[PDB]
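**Q** sequence plus experimental coordinates follow:
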Amino acid sequence: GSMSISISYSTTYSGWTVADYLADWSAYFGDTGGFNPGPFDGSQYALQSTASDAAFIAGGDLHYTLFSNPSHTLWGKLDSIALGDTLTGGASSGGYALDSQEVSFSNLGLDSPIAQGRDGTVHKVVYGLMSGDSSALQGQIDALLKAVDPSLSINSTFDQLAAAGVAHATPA
């Protein structure tokens with residue numbers, strides 16, 4: 001359903017496990033953009049690597065506390081993560097996009113309240129992904145996959161997830 005995780009993937013990665021792909025993408029990002037609409041809140045939070053072309057877009061209803069207690073917290077609803085290369089667009093252009101969208105995860109269903117601060121799952125998922133540690137995102141995807149089918153996991157390949165009705169190949 002709409003409460004079920006849905007994954008898109010370039011056929012480039014059809015034989016990759018989700019864990020292997022996420023670990024390598026977060027290394028590609030390493031240890032332009034912002035919020036749409038912004039300045040500090042948006043339906044998208046997008047970031048470009050300085051280290052490589054790597055870029056992500058977090059989608060949902062996201063909030064950044066800036067200097068307000070609890071400081072430097074990203075909280076709210078995280079519905080989607082899109083991973084790939086080269087951030088484009090912004091508020092002005094009808095939203096952020098990726099020049100090359102490698103993999104996306106939708107219907108994540110994550111919602112972290114401000115009171116949890118940087119302890120929130122949304123904060124940890126997004127901060128990890130851009131600080132060379134996709135472990136938090138992997139844990140949430142693993143749980144969502146097992147909610148559909150317990151023989152699935154982040155160690156499933158993208159084409160195994162397609163065969164299980166979760167994932168969808170896109171052109172390379």
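**A** Alright, I've got the coordinates. Residues are numbered from 1 along each chain as shown.
**Q** so where do the strands sit in this structure?
**A** Listed in chain order, the strands of the chain (DSSP state E) span 6-10, 33-37, 41-48, 54-64, 74-90, 95-106, 110-112, 167-170.
**Q** for residue 140, which of those strands is the nearest?
**A** Of all the strands of the chain, strand 110-112 sits nearest to residue 140, with 6.3 Å by C-beta to C-beta. For the C-beta atoms, the positions are set from N, CA and C on the backbone; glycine is no exception.
**Q** helices or strands next to the closest one in the packing?
**A** Strand 110-112 sits against strand 74-90, helix 121-130, with contacts defined as 3 or more C-beta pairs under 8 Å, 6 or more residues apart in numbering; DSSP states H and E.
**Q** can you add mean neighbour count and give the ones you listed back as CSV?
**A** What follows is those, written out as CSV (neighbours: other C-beta atoms under 10 Å):
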stretch, mean neighbour count
strand 74-90, 20
helix 121-130, 21
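**Q** for residue 97, find the nearest of these.
**A** So among the helices and strands packed on strand 110-112, strand 74-90 is nearest, using C-beta to C-beta, at 4.8 Å.
**Q** now for that closest one, which elements pack on it?
**A** Judged by 3+ C-beta pairs under 8 Å, 6+ apart, strand 74-90 is in contact with strand 33-37, strand 41-48, strand 54-64, strand 95-106, strand 110-112, helix 121-130.
**Q** and it, how far from the chain's centre?
**A** Computed by C-alpha atoms, centre = their mean, to the nearest Å, the chain-centroid distance of strand 74-90 equals 6 Å.
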